[PDB]
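Asks: protein_7.pdb (PDB, C-alpha atoms) pasted underneath:
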```pdb
MODEL        1
ATOM      1  CA  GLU A  30      30.646  -0.244 -14.072
ATOM      2  CA  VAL A  31      28.890  -3.529 -13.467
ATOM      3  CA  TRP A  32      26.195  -1.555 -11.714
ATOM      4  CA  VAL A  33      24.452  -0.400 -14.848
ATOM      5  CA  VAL A  34      23.423  -3.878 -15.963
ATOM      6  CA  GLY A  35      22.968  -5.011 -12.416
ATOM      7  CA  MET A  36      20.544  -2.233 -11.761
ATOM      8  CA  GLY A  37      18.765  -2.637 -15.064
ATOM      9  CA  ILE A  38      17.945  -6.237 -14.368
ATOM     10  CA  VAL A  39      16.524  -5.480 -10.955
ATOM     11  CA  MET A  40      14.515  -2.617 -12.371
ATOM     12  CA  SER A  41      13.140  -5.040 -14.885
ATOM     13  CA  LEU A  42      12.040  -7.455 -12.214
ATOM     14  CA  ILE A  43      10.359  -4.758 -10.188
ATOM     15  CA  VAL A  44       8.680  -3.172 -13.168
ATOM     16  CA  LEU A  45       7.488  -6.605 -14.162
ATOM     17  CA  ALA A  46       6.267  -7.506 -10.695
ATOM     18  CA  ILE A  47       4.224  -4.394 -10.144
ATOM     19  CA  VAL A  48       2.490  -4.567 -13.495
ATOM     20  CA  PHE A  49       1.867  -8.276 -13.623
ATOM     21  CA  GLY A  50       0.660  -8.324 -10.057
ATOM     22  CA  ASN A  51      -1.630  -5.314 -10.163
ATOM     23  CA  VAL A  52      -2.986  -6.136 -13.547
ATOM     24  CA  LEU A  53      -3.676  -9.662 -12.396
ATOM     25  CA  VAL A  54      -5.555  -8.478  -9.386
ATOM     26  CA  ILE A  55      -7.711  -6.007 -11.293
ATOM     27  CA  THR A  56      -8.031  -4.197 -14.599
ATOM     28  CA  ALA A  57     -11.561  -2.927 -14.767
ATOM     29  CA  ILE A  58     -14.913  -3.552 -13.157
ATOM     30  CA  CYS A  59     -16.244  -6.407 -15.247
ATOM     31  CA  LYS A  60     -15.009  -9.805 -14.047
ATOM     32  CA  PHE A  61     -17.589 -11.845 -12.135
ATOM     33  CA  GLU A  62     -15.956 -14.380  -9.813
ATOM     34  CA  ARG A  63     -17.334 -13.594  -6.346
ATOM     35  CA  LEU A  64     -14.626 -10.928  -6.025
ATOM     36  CA  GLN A  65     -17.367  -8.290  -6.356
ATOM     37  CA  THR A  66     -17.716  -8.069  -2.553
ATOM     38  CA  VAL A  67     -17.815  -4.510  -1.269
ATOM     39  CA  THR A  68     -14.808  -5.003   0.945
ATOM     40  CA  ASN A  69     -12.933  -6.070  -2.174
ATOM     41  CA  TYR A  70     -13.467  -2.687  -3.797
ATOM     42  CA  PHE A  71     -10.967  -1.082  -1.472
ATOM     43  CA  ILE A  72      -8.267  -3.519  -2.480
ATOM     44  CA  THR A  73      -9.286  -2.833  -6.031
ATOM     45  CA  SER A  74      -8.403   0.791  -5.386
ATOM     46  CA  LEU A  75      -5.150  -0.434  -3.915
ATOM     47  CA  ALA A  76      -4.531  -2.424  -7.069
ATOM     48  CA  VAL A  77      -5.178   0.493  -9.366
ATOM     49  CA  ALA A  78      -3.003   2.825  -7.340
ATOM     50  CA  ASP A  79      -0.180   0.298  -7.472
ATOM     51  CA  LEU A  80      -0.708  -0.413 -11.143
ATOM     52  CA  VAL A  81      -0.013   3.157 -12.150
ATOM     53  CA  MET A  82       3.122   2.924 -10.099
ATOM     54  CA  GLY A  83       4.717   0.198 -12.195
ATOM     55  CA  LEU A  84       3.357   1.600 -15.413
ATOM     56  CA  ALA A  85       4.283   5.281 -15.456
ATOM     57  CA  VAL A  86       6.314   6.048 -12.383
ATOM     58  CA  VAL A  87       8.607   3.142 -11.892
ATOM     59  CA  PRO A  88       9.684   2.454 -15.444
ATOM     60  CA  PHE A  89      10.323   6.086 -16.198
ATOM     61  CA  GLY A  90      12.287   6.273 -13.002
ATOM     62  CA  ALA A  91      14.278   3.229 -14.011
ATOM     63  CA  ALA A  92      15.061   4.703 -17.379
ATOM     64  CA  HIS A  93      15.894   7.876 -15.545
ATOM     65  CA  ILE A  94      18.497   6.093 -13.482
ATOM     66  CA  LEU A  95      19.896   4.336 -16.516
ATOM     67  CA  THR A  96      20.258   7.490 -18.621
ATOM     68  CA  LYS A  97      21.579   9.563 -15.740
ATOM     69  CA  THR A  98      19.562  12.386 -17.252
ATOM     70  CA  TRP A  99      15.944  13.267 -17.924
ATOM     71  CA  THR A 100      15.058  12.778 -21.593
ATOM     72  CA  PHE A 101      11.334  13.314 -21.026
ATOM     73  CA  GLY A 102      11.256  17.082 -21.068
ATOM     74  CA  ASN A 103      10.155  19.702 -18.593
ATOM     75  CA  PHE A 104       6.382  19.517 -18.781
ATOM     76  CA  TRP A 105       6.473  15.758 -18.823
ATOM     77  CA  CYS A 106       8.934  15.870 -15.952
ATOM     78  CA  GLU A 107       6.264  17.729 -14.039
ATOM     79  CA  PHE A 108       3.629  15.245 -15.113
ATOM     80  CA  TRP A 109       5.789  12.318 -14.096
ATOM     81  CA  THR A 110       6.637  13.720 -10.727
ATOM     82  CA  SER A 111       2.979  14.426 -10.080
ATOM     83  CA  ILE A 112       1.913  10.919 -10.951
ATOM     84  CA  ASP A 113       4.626   9.683  -8.652
ATOM     85  CA  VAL A 114       3.396  11.578  -5.629
ATOM     86  CA  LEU A 115      -0.180  10.719  -6.438
ATOM     87  CA  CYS A 116       0.616   7.032  -6.640
ATOM     88  CA  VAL A 117       2.467   7.021  -3.377
ATOM     89  CA  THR A 118      -0.213   8.903  -1.496
ATOM     90  CA  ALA A 119      -2.948   6.767  -2.969
ATOM     91  CA  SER A 120      -1.100   3.604  -2.064
ATOM     92  CA  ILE A 121      -0.333   4.425   1.530
ATOM     93  CA  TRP A 122      -3.690   6.003   2.138
ATOM     94  CA  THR A 123      -5.513   3.051   0.635
ATOM     95  CA  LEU A 124      -3.607   0.706   2.878
ATOM     96  CA  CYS A 125      -4.718   2.737   5.839
ATOM     97  CA  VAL A 126      -8.284   2.587   4.556
ATOM     98  CA  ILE A 127      -8.132  -1.193   4.453
ATOM     99  CA  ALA A 128      -6.740  -1.141   7.943
ATOM    100  CA  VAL A 129      -9.754   0.885   8.960
ATOM    101  CA  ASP A 130     -11.985  -1.649   7.258
ATOM    102  CA  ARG A 131     -10.573  -4.529   9.251
ATOM    103  CA  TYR A 132     -10.590  -2.483  12.419
ATOM    104  CA  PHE A 133     -14.267  -1.837  11.900
ATOM    105  CA  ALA A 134     -14.548  -5.536  12.420
ATOM    106  CA  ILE A 135     -15.194  -4.761  16.066
ATOM    107  CA  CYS A 136     -17.519  -7.729  15.902
ATOM    108  CA  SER A 137     -20.358  -7.777  18.424
ATOM    109  CA  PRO A 138     -23.945  -8.912  17.670
ATOM    110  CA  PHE A 139     -24.680  -5.641  15.870
ATOM    111  CA  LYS A 140     -22.474  -2.974  14.291
ATOM    112  CA  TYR A 141     -21.448  -4.056  10.818
ATOM    113  CA  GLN A 142     -24.830  -4.537   9.270
ATOM    114  CA  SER A 143     -26.597  -1.594  10.811
ATOM    115  CA  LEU A 144     -24.145   1.193  10.090
ATOM    116  CA  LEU A 145     -23.009   0.193   6.634
ATOM    117  CA  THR A 146     -20.324   2.812   6.928
ATOM    118  CA  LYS A 147     -21.370   6.435   6.976
ATOM    119  CA  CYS A 148     -22.512   6.124   3.406
ATOM    120  CA  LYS A 149     -20.621   4.162   0.795
ATOM    121  CA  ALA A 150     -17.248   2.535   0.343
ATOM    122  CA  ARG A 151     -16.949   4.167  -3.005
ATOM    123  CA  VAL A 152     -17.039   7.567  -1.434
ATOM    124  CA  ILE A 153     -14.116   6.486   0.698
ATOM    125  CA  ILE A 154     -12.175   5.514  -2.380
ATOM    126  CA  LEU A 155     -12.965   8.746  -4.149
ATOM    127  CA  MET A 156     -12.016  10.651  -1.070
ATOM    128  CA  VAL A 157      -8.701   8.878  -0.964
ATOM    129  CA  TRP A 158      -7.928   9.694  -4.558
ATOM    130  CA  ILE A 159      -9.230  13.204  -4.265
ATOM    131  CA  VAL A 160      -7.125  13.993  -1.211
ATOM    132  CA  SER A 161      -4.228  12.234  -2.864
ATOM    133  CA  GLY A 162      -4.577  14.379  -5.977
ATOM    134  CA  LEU A 163      -5.033  17.611  -4.049
ATOM    135  CA  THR A 164      -1.842  16.888  -2.145
ATOM    136  CA  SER A 165       0.052  16.048  -5.326
ATOM    137  CA  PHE A 166      -1.061  17.345  -8.686
ATOM    138  CA  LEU A 167      -2.425  20.663  -7.553
ATOM    139  CA  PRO A 168       0.573  21.601  -5.496
ATOM    140  CA  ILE A 169       3.053  20.405  -8.083
ATOM    141  CA  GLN A 170       1.451  22.030 -11.083
ATOM    142  CA  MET A 171       1.050  25.202  -9.072
ATOM    143  CA  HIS A 172       4.756  25.220  -8.245
ATOM    144  CA  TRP A 173       3.837  25.480  -4.601
ATOM    145  CA  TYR A 174       6.559  22.983  -3.726
ATOM    146  CA  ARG A 175       9.253  24.784  -5.642
ATOM    147  CA  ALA A 176      11.686  26.336  -3.269
ATOM    148  CA  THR A 177      13.431  29.351  -4.579
ATOM    149  CA  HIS A 178      17.003  28.257  -4.859
ATOM    150  CA  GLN A 179      19.522  28.950  -7.515
ATOM    151  CA  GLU A 180      20.038  25.285  -8.179
ATOM    152  CA  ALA A 181      16.375  24.577  -7.857
ATOM    153  CA  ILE A 182      15.417  27.334 -10.210
ATOM    154  CA  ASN A 183      18.041  26.242 -12.665
ATOM    155  CA  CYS A 184      17.027  22.600 -12.755
ATOM    156  CA  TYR A 185      13.341  23.384 -12.841
ATOM    157  CA  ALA A 186      13.669  25.901 -15.625
ATOM    158  CA  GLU A 187      15.883  23.470 -17.465
ATOM    159  CA  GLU A 188      13.722  21.132 -19.489
ATOM    160  CA  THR A 189      16.061  18.127 -19.254
ATOM    161  CA  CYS A 190      17.085  18.301 -15.614
ATOM    162  CA  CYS A 191      14.422  16.485 -13.673
ATOM    163  CA  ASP A 192      15.393  16.539 -10.021
ATOM    164  CA  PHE A 193      13.248  16.521  -6.924
ATOM    165  CA  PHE A 194      13.580  19.618  -4.808
ATOM    166  CA  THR A 195      11.077  20.641  -2.187
ATOM    167  CA  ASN A 196      10.733  23.411   0.328
ATOM    168  CA  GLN A 197      10.554  22.434   3.964
ATOM    169  CA  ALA A 198       6.973  23.588   4.234
ATOM    170  CA  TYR A 199       5.927  21.273   1.441
ATOM    171  CA  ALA A 200       7.871  18.358   2.858
ATOM    172  CA  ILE A 201       6.500  18.350   6.344
ATOM    173  CA  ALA A 202       2.848  18.502   5.386
ATOM    174  CA  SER A 203       3.342  16.355   2.338
ATOM    175  CA  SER A 204       5.064  13.606   4.255
ATOM    176  CA  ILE A 205       2.766  13.797   7.239
ATOM    177  CA  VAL A 206      -0.325  13.556   5.079
ATOM    178  CA  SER A 207       1.027  10.951   2.724
ATOM    179  CA  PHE A 208       2.817   8.596   5.134
ATOM    180  CA  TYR A 209       2.707   9.604   8.787
ATOM    181  CA  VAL A 210      -0.942   9.961   9.536
ATOM    182  CA  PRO A 211      -1.847   6.705   7.922
ATOM    183  CA  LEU A 212       0.994   5.118   9.805
ATOM    184  CA  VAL A 213      -0.390   6.224  13.137
ATOM    185  CA  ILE A 214      -3.912   5.196  12.334
ATOM    186  CA  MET A 215      -2.815   1.818  11.170
ATOM    187  CA  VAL A 216      -0.623   1.273  14.187
ATOM    188  CA  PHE A 217      -3.430   1.916  16.603
ATOM    189  CA  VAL A 218      -5.889  -0.008  14.470
ATOM    190  CA  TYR A 219      -3.932  -3.183  13.975
ATOM    191  CA  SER A 220      -2.911  -2.941  17.574
ATOM    192  CA  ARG A 221      -6.477  -3.065  18.788
ATOM    193  CA  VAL A 222      -7.368  -5.739  16.304
ATOM    194  CA  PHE A 223      -4.464  -7.788  17.593
ATOM    195  CA  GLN A 224      -5.816  -7.405  21.049
ATOM    196  CA  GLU A 225      -9.161  -8.659  19.855
ATOM    197  CA  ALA A 226      -7.636 -11.746  18.308
ATOM    198  CA  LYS A 227      -5.758 -12.445  21.489
ATOM    199  CA  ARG A 228      -8.906 -12.084  23.499
ATOM    200  CA  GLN A 229     -10.931 -14.414  21.373
ATOM    201  CA  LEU A 230      -8.365 -17.160  21.461
ATOM    202  CA  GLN A 231      -7.988 -16.783  25.190
ATOM    203  CA  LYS A 232     -11.715 -16.953  25.751
ATOM    204  CA  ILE A 233     -11.792 -20.006  23.566
ATOM    205  CA  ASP A 234      -9.020 -21.492  25.658
ATOM    206  CA  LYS A 235     -11.087 -20.823  28.719
ATOM    207  CA  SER A 236     -13.988 -22.620  27.132
ATOM    208  CA  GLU A 237     -13.571 -26.365  27.313
ATOM    209  CA  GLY A 238     -16.131 -29.174  27.371
ATOM    210  CA  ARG A 239     -15.947 -31.483  30.380
ATOM    211  CA  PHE A 240     -14.827 -35.010  29.664
ATOM    212  CA  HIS A 241     -13.984 -35.008  26.001
ATOM    213  CA  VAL A 242     -15.305 -37.928  24.085
ATOM    214  CA  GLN A 243     -11.686 -38.852  23.805
ATOM    215  CA  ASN A 244      -9.805 -36.972  21.177
ATOM    216  CA  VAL A 245      -9.880 -35.957  17.582
ATOM    217  CA  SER A 246      -7.159 -35.881  15.009
ATOM    218  CA  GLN A 247      -6.820 -34.064  11.743
ATOM    219  CA  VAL A 248      -4.063 -33.186   9.358
ATOM    220  CA  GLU A 249      -5.603 -31.709   6.292
ATOM    221  CA  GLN A 250      -9.215 -32.690   5.830
ATOM    222  CA  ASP A 251      -8.441 -32.867   2.152
ATOM    223  CA  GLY A 252      -8.563 -29.689   0.162
ATOM    224  CA  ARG A 253     -12.149 -29.943  -0.921
ATOM    225  CA  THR A 254     -13.106 -29.960   2.696
ATOM    226  CA  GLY A 255     -16.600 -30.801   3.683
ATOM    227  CA  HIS A 256     -19.142 -31.814   6.252
ATOM    228  CA  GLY A 257     -18.820 -28.502   7.979
ATOM    229  CA  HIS A 258     -16.566 -25.536   8.567
ATOM    230  CA  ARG A 259     -17.588 -24.893  12.128
ATOM    231  CA  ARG A 260     -16.598 -21.600  13.563
ATOM    232  CA  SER A 261     -13.083 -22.933  13.628
ATOM    233  CA  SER A 262     -12.779 -22.033   9.998
ATOM    234  CA  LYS A 263     -14.136 -18.656  10.962
ATOM    235  CA  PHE A 264     -11.236 -18.251  13.314
ATOM    236  CA  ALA A 265      -9.130 -19.644  10.540
ATOM    237  CA  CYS A 266      -9.922 -16.891   8.119
ATOM    238  CA  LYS A 267     -10.349 -14.149  10.667
ATOM    239  CA  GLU A 268      -7.036 -14.667  12.412
ATOM    240  CA  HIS A 269      -5.212 -15.491   9.222
ATOM    241  CA  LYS A 270      -6.738 -12.575   7.462
ATOM    242  CA  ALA A 271      -5.759 -10.291  10.335
ATOM    243  CA  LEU A 272      -2.298 -11.842  10.387
ATOM    244  CA  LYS A 273      -1.630 -11.503   6.674
ATOM    245  CA  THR A 274      -2.962  -7.997   6.411
ATOM    246  CA  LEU A 275      -1.086  -6.839   9.448
ATOM    247  CA  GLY A 276       2.045  -8.559   8.289
ATOM    248  CA  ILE A 277       1.664  -7.078   4.832
ATOM    249  CA  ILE A 278       1.004  -3.573   6.051
ATOM    250  CA  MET A 279       3.791  -3.482   8.538
ATOM    251  CA  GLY A 280       6.144  -5.260   6.167
ATOM    252  CA  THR A 281       5.389  -2.884   3.324
ATOM    253  CA  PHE A 282       5.702   0.156   5.502
ATOM    254  CA  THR A 283       8.979  -0.907   7.053
ATOM    255  CA  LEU A 284      10.671  -2.685   4.205
ATOM    256  CA  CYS A 285       9.630   0.122   1.926
ATOM    257  CA  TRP A 286       8.370   3.539   2.912
ATOM    258  CA  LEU A 287       9.379   4.320   6.474
ATOM    259  CA  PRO A 288      13.037   4.767   5.811
ATOM    260  CA  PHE A 289      12.222   7.012   2.869
ATOM    261  CA  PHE A 290       9.572   9.184   4.449
ATOM    262  CA  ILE A 291      11.552   9.685   7.624
ATOM    263  CA  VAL A 292      14.648  10.510   5.609
ATOM    264  CA  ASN A 293      12.604  13.247   4.021
ATOM    265  CA  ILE A 294      12.203  14.895   7.407
ATOM    266  CA  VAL A 295      15.845  14.138   8.016
ATOM    267  CA  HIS A 296      16.857  16.049   4.939
ATOM    268  CA  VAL A 297      14.484  18.844   5.746
ATOM    269  CA  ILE A 298      15.591  19.202   9.359
ATOM    270  CA  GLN A 299      19.319  18.722   8.792
ATOM    271  CA  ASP A 300      20.834  19.788   5.480
ATOM    272  CA  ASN A 301      23.977  17.825   4.807
ATOM    273  CA  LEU A 302      23.330  14.706   6.780
ATOM    274  CA  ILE A 303      22.144  12.607   3.869
ATOM    275  CA  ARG A 304      23.402  11.423   0.518
ATOM    276  CA  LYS A 305      21.313  11.691  -2.599
ATOM    277  CA  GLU A 306      21.812   8.045  -3.384
ATOM    278  CA  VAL A 307      19.947   7.102  -0.221
ATOM    279  CA  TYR A 308      17.001   9.229  -1.259
ATOM    280  CA  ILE A 309      16.516   7.435  -4.560
ATOM    281  CA  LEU A 310      17.173   3.952  -3.263
ATOM    282  CA  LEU A 311      14.818   4.407  -0.402
ATOM    283  CA  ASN A 312      12.196   5.759  -2.747
ATOM    284  CA  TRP A 313      12.503   2.640  -4.888
ATOM    285  CA  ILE A 314      12.307   0.515  -1.794
ATOM    286  CA  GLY A 315       8.998   2.141  -1.220
ATOM    287  CA  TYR A 316       8.070   1.424  -4.813
ATOM    288  CA  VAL A 317       8.451  -2.300  -4.310
ATOM    289  CA  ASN A 318       5.608  -2.159  -1.813
ATOM    290  CA  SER A 319       3.243  -1.754  -4.725
ATOM    291  CA  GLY A 320       4.499  -4.991  -6.208
ATOM    292  CA  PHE A 321       4.227  -7.329  -3.241
ATOM    293  CA  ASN A 322       0.557  -6.781  -2.552
ATOM    294  CA  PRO A 323      -0.828  -8.870  -5.345
ATOM    295  CA  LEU A 324       1.349 -11.789  -4.362
ATOM    296  CA  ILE A 325       0.587 -11.413  -0.680
ATOM    297  CA  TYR A 326      -2.449  -9.137  -0.172
ATOM    298  CA  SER A 327      -4.801 -11.208  -2.355
ATOM    299  CA  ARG A 328      -4.593 -14.219  -0.075
ATOM    300  CA  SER A 329      -8.380 -14.463   0.215
ATOM    301  CA  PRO A 330      -9.580 -17.857  -0.739
ATOM    302  CA  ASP A 331     -11.695 -16.637  -3.615
ATOM    303  CA  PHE A 332      -8.815 -14.542  -4.840
ATOM    304  CA  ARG A 333      -6.428 -17.448  -4.956
ATOM    305  CA  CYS A 334      -8.680 -19.680  -6.983
ATOM    306  CA  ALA A 335      -9.580 -16.902  -9.285
ATOM    307  CA  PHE A 336      -5.927 -16.050  -9.734
ATOM    308  CA  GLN A 337      -4.798 -19.588 -10.480
ATOM    309  CA  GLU A 338      -7.528 -20.043 -13.005
ATOM    310  CA  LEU A 339      -6.120 -17.143 -14.946
ATOM    311  CA  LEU A 340      -2.618 -18.588 -14.986
ATOM    312  CA  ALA A 341      -3.642 -22.051 -16.080
TER
ENDMDL
END
```
Write out the structure in this file as structure tokens.
Replies:
Amino acid sequence: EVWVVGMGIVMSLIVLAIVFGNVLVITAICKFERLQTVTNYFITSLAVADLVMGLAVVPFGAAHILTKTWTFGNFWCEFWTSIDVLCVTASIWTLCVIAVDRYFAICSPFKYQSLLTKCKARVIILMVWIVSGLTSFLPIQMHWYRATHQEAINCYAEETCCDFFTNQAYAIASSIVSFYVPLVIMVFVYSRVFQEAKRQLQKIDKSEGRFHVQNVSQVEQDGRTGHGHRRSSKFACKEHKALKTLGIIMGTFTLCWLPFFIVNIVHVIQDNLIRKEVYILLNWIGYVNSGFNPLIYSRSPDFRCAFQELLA
């Protein structure tokens, strides 16, 4: 009915958001605007993972929903599904990696500079993609996931029918690796980081000079800012960075991802408890997570400038 147009428009906005956002954040190693920082590379990976989402996966999916059939063909259906899983795994995993990065901010007089990670951040990125690919493309192409079912066999063999069917064995490991583990790591990580923030502010509260000169007042200190940043600004950026990242990770996970990934287990454990509509909608919900990051995730001060300059 009305739904077709209504859905199409939304799909358009999402497809637009993911592409515009990811592309804006990164395209290729080349731009020189202070963004080069090593920590930034991880978000770059995030950006790339999300970019592919809006390019291949989400628009084909949208068209898929519009057509109510798969026009793409069998082999391409396989390709598309593979890219989908790869994108999701890469996204979630990357987010967890970032979480690890922030967690590593244990602080202390020495820890960051000495270790310099086990080796290189790049290896972490490659590992993420490699594990993501191994969990996706290899299993899919191999037909490891295919569960022998009459309907499954029929749809798979059929070139045009592109429907997602997976054996329980594939689903538990797939979901656990893709979503669950990173969820646990992030939960513990952000949790500890939160504790750290709390501690620092408390300690600061404990600290207090005797007999203040009188009082100080400030409202904006212009935008240019000057004179000094003091460590206050350090708390500024550390707490705000922690706050935005944590808010973004939890918000992405919950507004898009958790309901989907859990539902997977739900469908696997109990067979006729769920509708197919829920599966797709939830999956899209997860898709939106790719889109939000560039708007939110790239809050860093350098990022904002650099972004605005592009728009002007």
Asks: So which residues touch residue A:130 within 10 Å, counting all atoms listed in the file, skipping near sequence neighbours fewer than 3 positions away, as a PyMOL selection string?
Replies: chain A and resi 68+71+124-127+133-135+146+150+218
Asks: Just give me the gap between atom CA of residue A:220 and atom CA of residue A:76 in Å, one decimal is fine.
Replies: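 Separating atom CA of residue A:220 from atom CA of residue A:76 is a distance of 24.7 Å.
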Asks: Translate the PyMOL selection byres ((chain A and resi 281) around 12) into a concrete residue list for this structure, as a PyMOL selection string.
Replies: chain A and resi 120-121+124-125+208+212+273-280+282-288+314-322+325-326
Asks: Please provide as a list in words all residues within 8 Å of stretch 186-198 of chain A, with the sequence filter that same-chain residues fewer than 5 positions apart are discarded (counting only C-alpha atoms).
Replies: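 In the requested format, the answer is residues 98, 99, 100, 101, 102, 103, 104, 106, 174, 175, 176, 181 and 297 of chain A.
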Asks: The PyMOL selection byres ((chain A and resi 113-118) around 10) on the file shown: which residues, as an MDAnalysis selection string?
Replies: chainID A and resid 75 77:83 85:87 90 107:112 119:124 157:166 169 203:204 206:208 211 286 312 315:316 318:319
Asks: May I have the residues within 9 Å of residue A:36 as an NGL selection string, using all atoms listed in the file and disregarding those fewer than 4 positions away in the same chain?
Replies: :A and (31-32 or 40-41 or 91 or 94-95)
Asks: Can you tell me how far atom CA of residue A:62 sits from atom CA of residue A:335, in Å to one decimal?
Replies: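 Spanning atom CA of residue A:62 to atom CA of residue A:335 is a straight-line distance of 6.9 Å.
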Asks: Kindly complete stretch 240-255 of chain A to N, CA, C and O atoms; the output should be written as a short mmCIF file (atom, residue, chain, number, x, y, z; two decimals), in the coordinates of the input.
Replies:
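Produced file rebuild09.cif, reproduced below:
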```cif
data_model
loop_
_atom_site.label_atom_id
_atom_site.label_comp_id
_atom_site.auth_asym_id
_atom_site.auth_seq_id
_atom_site.Cartn_x
_atom_site.Cartn_y
_atom_site.Cartn_z
N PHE A 240 -14.88 -33.64 30.08
CA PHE A 240 -14.83 -35.01 29.66
C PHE A 240 -15.06 -35.08 28.19
O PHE A 240 -16.19 -35.24 27.72
N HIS A 241 -13.96 -34.95 27.43
CA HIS A 241 -13.98 -35.01 26.00
C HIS A 241 -14.34 -36.41 25.65
O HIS A 241 -14.11 -37.33 26.43
N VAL A 242 -14.93 -36.60 24.46
CA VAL A 242 -15.30 -37.93 24.08
C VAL A 242 -14.06 -38.75 24.12
O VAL A 242 -14.09 -39.93 24.47
N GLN A 243 -12.92 -38.13 23.78
CA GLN A 243 -11.69 -38.85 23.80
C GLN A 243 -10.68 -37.97 23.16
O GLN A 243 -9.80 -37.42 23.83
N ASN A 244 -10.76 -37.82 21.83
CA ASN A 244 -9.80 -36.97 21.18
C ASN A 244 -10.12 -37.00 19.72
O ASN A 244 -10.81 -37.90 19.24
N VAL A 245 -9.63 -35.99 18.99
CA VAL A 245 -9.88 -35.96 17.58
C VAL A 245 -8.57 -35.66 16.93
O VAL A 245 -7.69 -35.05 17.54
N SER A 246 -8.40 -36.11 15.68
CA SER A 246 -7.16 -35.88 15.01
C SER A 246 -7.46 -35.46 13.61
O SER A 246 -8.41 -35.93 13.00
N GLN A 247 -6.63 -34.54 13.08
CA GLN A 247 -6.82 -34.06 11.74
C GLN A 247 -5.51 -33.54 11.26
O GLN A 247 -4.69 -33.06 12.03
N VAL A 248 -5.29 -33.63 9.93
CA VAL A 248 -4.06 -33.19 9.36
C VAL A 248 -4.33 -32.33 8.16
O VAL A 248 -3.55 -31.43 7.87
N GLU A 249 -5.44 -32.56 7.43
CA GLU A 249 -5.60 -31.71 6.29
C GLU A 249 -7.04 -31.53 5.95
O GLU A 249 -7.48 -30.45 5.55
N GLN A 250 -7.80 -32.63 6.08
CA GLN A 250 -9.22 -32.69 5.83
C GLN A 250 -9.39 -32.41 4.38
O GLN A 250 -10.31 -31.70 3.96
N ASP A 251 -8.50 -33.01 3.58
CA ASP A 251 -8.44 -32.87 2.15
C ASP A 251 -8.41 -31.41 1.83
O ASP A 251 -8.25 -30.58 2.72
N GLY A 252 -8.58 -31.07 0.54
CA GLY A 252 -8.56 -29.69 0.16
C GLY A 252 -9.97 -29.29 -0.11
O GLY A 252 -10.36 -28.14 0.11
N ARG A 253 -10.78 -30.24 -0.61
CA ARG A 253 -12.15 -29.94 -0.92
C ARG A 253 -12.82 -29.57 0.36
O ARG A 253 -13.67 -28.67 0.39
N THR A 254 -12.49 -30.28 1.45
CA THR A 254 -13.11 -29.96 2.70
C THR A 254 -14.56 -30.30 2.61
O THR A 254 -15.14 -30.39 1.53
N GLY A 255 -15.21 -30.50 3.77
CA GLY A 255 -16.60 -30.80 3.68
C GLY A 255 -17.16 -31.05 5.04
O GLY A 255 -16.50 -30.88 6.06
#
```
